[PDB]
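Since the structure comes first, as structure tokens, the remarks are kept for the end.
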Amino acid sequence: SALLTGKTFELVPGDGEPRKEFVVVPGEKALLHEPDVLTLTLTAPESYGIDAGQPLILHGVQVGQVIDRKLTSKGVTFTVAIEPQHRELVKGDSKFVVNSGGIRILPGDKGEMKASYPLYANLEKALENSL
Amino acid sequence: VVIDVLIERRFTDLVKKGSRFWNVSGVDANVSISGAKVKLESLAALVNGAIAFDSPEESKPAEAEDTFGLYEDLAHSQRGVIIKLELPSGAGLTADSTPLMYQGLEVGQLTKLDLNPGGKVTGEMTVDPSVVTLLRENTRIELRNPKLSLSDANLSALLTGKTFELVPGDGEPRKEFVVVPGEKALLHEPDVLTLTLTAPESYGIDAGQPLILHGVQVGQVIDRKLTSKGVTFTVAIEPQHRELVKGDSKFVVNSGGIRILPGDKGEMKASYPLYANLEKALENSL
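As given, the protein sequences belong to chains A and B, one line each in that order. Residues 356 to 455, 479 to 509 (PDB author numbering) are what the first sequence spells out, left to right. Residues 201 to 455, 479 to 509 (PDB author numbering) are what the second sequence spells out, left to right.
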């Protein structure tokens with residue numbers, strides 16, 4: 356039955372002053388317009404096949420999502436959204452690895491969220507950075 | 201035939217010289233899937249037929265014995281600019297009910313679909329007067345097929361069959377276009393790199409296969425051509441990534480598609496050789 360309806364809207368309520376005009380999110384670019392969400396920027400020489408809809412992984416758990424790639428002379432640049440419920444887990448010095479799809483997070487201890495984090499290749503290059 | 205309509209005295213201000221009469225007659229029972237809706241309101245029109253007309257607000261009133269043309273229905277009477285298309289081959293196209301979508305909103309339709317003597321299939325499309333300003337020199341009109349897209353599956357769009365898509369642009373206003381075959385599009389974009397690659401074999405690289413730069417989709421192969429001097433591909437680099445490939449950059453059989484090894488400053492040559500895997504491409508510089 357729902358497959359015949361074609362396409363619908365979904366009302367996700369919230370807090371604040373009453374509103375009367377909205378901006379409908381493109382659906383997949385949602386979770387970027389959530390109230391609290393971590394918007395990180397990753398840089399990489401290549402793309403490693405990581406694409407827009409690919410997920411983020413923390414301890415094997417789906418946590419966030421890649422959102423978009425951007426190709427530039429300085430290599431690929433991903434934008435990444437961490438959900439609010441798992442926001443406090445990634446806390447700065449945590450690193451990012453090409454999961455092997480998606481991006482796997484190596485969480486760290488206390489630290490301040492930087493502006494952009496480098497996306498390493500597999501763990502052999504990520505862990506050696508600290509040593 | 202010539203019909204003689206007698207508009208009563210107290211209504212003669214309605215018939216303007218730019219009015220349009222359309223036939224409203226019989227029943228128009230339509231049926232679709234989730235939308236097989238039939239509505240009937242006029243009873244006399246169902247029995248002995250009827251005519252209807254409209255009245256613009258800027259044209260002079262019609263004089264006696266003035267001649268108009270009776271359109272087939274309300275749809276055929278719609279105003280809008282008539283543009284001409286040279287479309288490749290009308291296969292999923294119908295003389296009507298083939299829309300011209302612009303951001304998912306229908307802003308026109310096919311109205312004529314002919315077959316010229318030279319085998320060329322031409323057509324004529326009526327466009328809503330709201331988007332005539334978007335019909336300029338660099339505006340493409342692309343045939344588009346509905347994909348499966350198992351995510352959403354567009355059960356409504358898959359019934360429409362095949363549509364046009366208006367990609368606007370800049371320049372002088374235009375009135376006749378050449379509809380791109382859809383996949384040969386991105387070759388007729390305003391700015392695009394058209395490169396020619398040569399290779400002894402084909403390495404399985406085909407027409408629709410992509411180009412790769414740093415793992416990112418950048419361009420597309422377009423066509424192969426077999427010749428005594430080996431396979432020859434033609435390749436289109438998109439404009440946004442045009443300035444990245446800058447000459448001495450090389451091309452490798454990706455392992479599908481063609482993977483670009485970008486280089487530094489250099490002038491774009493006429494044709495680049497398509498190497499085998501990197502072992503032969505990198506050794507060329509050393």
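All residues carry an ideal CB built from backbone N, CA and C; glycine is no exception.
Name the chain A residues whose beta carbon is nearer than 9 Å to that of residue i?
i, result
"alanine 353 (chain B)", "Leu358"
"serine 234 (chain B)", "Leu359, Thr360, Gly361"
"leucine 444 (chain B)", "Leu426, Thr427, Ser428"
Where does residue i land, buried or exposed, given buried means 16+ other C-beta within 10 angstroms?
i, result
"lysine 429 (chain A)", "exposed"
"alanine 244 (chain B)", "exposed"
"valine 327 (chain B)", "buried"
"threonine 298 (chain B)", "buried"
"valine 231 (chain B)", "exposed"
"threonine 267 (chain B)", "exposed"
"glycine 382 (chain A)", "exposed"
"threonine 363 (chain B)", "buried"
"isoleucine 481 (chain B)", "buried"
"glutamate 365 (chain B)", "buried"
"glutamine 303 (chain B)", "exposed"
"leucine 240 (chain B)", "exposed"
"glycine 323 (chain B)", "buried"
"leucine 310 (chain B)", "buried"
"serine 402 (chain A)", "buried"
"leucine 350 (chain B)", "exposed"
"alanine 229 (chain B)", "exposed"
"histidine 414 (chain A)", "exposed"
"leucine 444 (chain B)", "buried"
"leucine 300 (chain B)", "buried"
"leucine 348 (chain B)", "exposed"
Is the Cβ-Cβ distance between residue i and residue j less than 8 Å?
i, j, result
"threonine 394 (chain B)", "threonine 432 (chain B)", "no"
"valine 307 (chain B)", "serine 330 (chain B)", "yes"
"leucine 359 (chain A)", "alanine 353 (chain B)", "no"
"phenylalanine 221 (chain B)", "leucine 293 (chain B)", "no"
"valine 367 (chain B)", "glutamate 342 (chain B)", "yes"
"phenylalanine 377 (chain B)", "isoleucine 283 (chain B)", "yes"
"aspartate 423 (chain A)", "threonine 434 (chain A)", "yes"
"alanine 436 (chain B)", "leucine 509 (chain B)", "no"
"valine 215 (chain B)", "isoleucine 203 (chain B)", "no"
"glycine 404 (chain A)", "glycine 479 (chain A)", "yes"
"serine 219 (chain B)", "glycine 249 (chain B)", "no"
"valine 452 (chain B)", "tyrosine 498 (chain B)", "yes"
"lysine 217 (chain B)", "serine 259 (chain B)", "yes"
Am I right that residue i and residue j are in contact with their C-beta atoms under 8 Å? What's the rounded C-beta distance?
i, j, result
"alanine 504 (chain B)", "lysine 450 (chain B)", "5 Å"
"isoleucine 483 (chain A)", "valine 421 (chain A)", "Not quite, the Cβ-Cβ distance comes to about 12 Å (not below 8 Å), so this is no contact."
"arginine 336 (chain B)", "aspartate 370 (chain B)", "6 Å"
"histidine 388 (chain B)", "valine 380 (chain B)", "5 Å"
"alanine 291 (chain B)", "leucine 313 (chain B)", "In fact, because the Cβ distance is near 11 Å, the residues do not count as touching under 8 Å."
"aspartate 391 (chain B)", "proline 439 (chain B)", "4 Å"
"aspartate 213 (chain B)", "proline 261 (chain B)", "6 Å"
"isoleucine 412 (chain B)", "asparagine 454 (chain B)", "5 Å"
On the DSSP bridge assignment, give the partners of residue i in chain order.
i, result
"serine 508 (chain A)", "Bridge partners of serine 508 (chain A): none, in fact."
"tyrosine 302 (chain B)", "B:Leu305"
"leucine 497 (chain B)", "B:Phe451"
"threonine 427 (chain B)", "Partner(s): none; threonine 427 (chain B) has no beta bridge."
"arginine 279 (chain B)", "Paired residue(s): none; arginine 279 (chain B) is not in a bridge."
Just to make sure I have the definition right: I need the residues of chain B whose C-beta is within less than 7 Å of the C-beta of residue i. Which are they?
i, result
"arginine 424 (chain A)", "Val416"
"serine 494 (chain A)", "Going along chain B, no residue has its Cβ under 7 Å from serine 494 (chain A), so there is no contact; the nearest lies around 17 Å."
"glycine 404 (chain A)", "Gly415"
Can you list the residues of chain B that residue i reaches, using a CB-CB cut of under 8 Å?
i, result
"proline 390 (chain A)", "Within chain B, no residue comes near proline 390 (chain A); the closest Cβ sits about 26 Å away, beyond 8 Å."
"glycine 430 (chain A)", "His414"
Going along chain B in order, which residues have a C-beta closer than 9 Å to the C-beta of residue i?
i, result
"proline 373 (chain A)", "In chain order: nothing, as chain B lies at least about 30 Å away."
"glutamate 401 (chain A)", "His414, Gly415, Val416"
Mind listing the chain A neighbours of residue i? Cutoff is C-beta to C-beta under 8 Å, in chain order.
i, result
"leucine 497 (chain B)", "Correct list: empty, because the minimum Cβ distance to chain A is about 21 Å."
"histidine 441 (chain B)", "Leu426"
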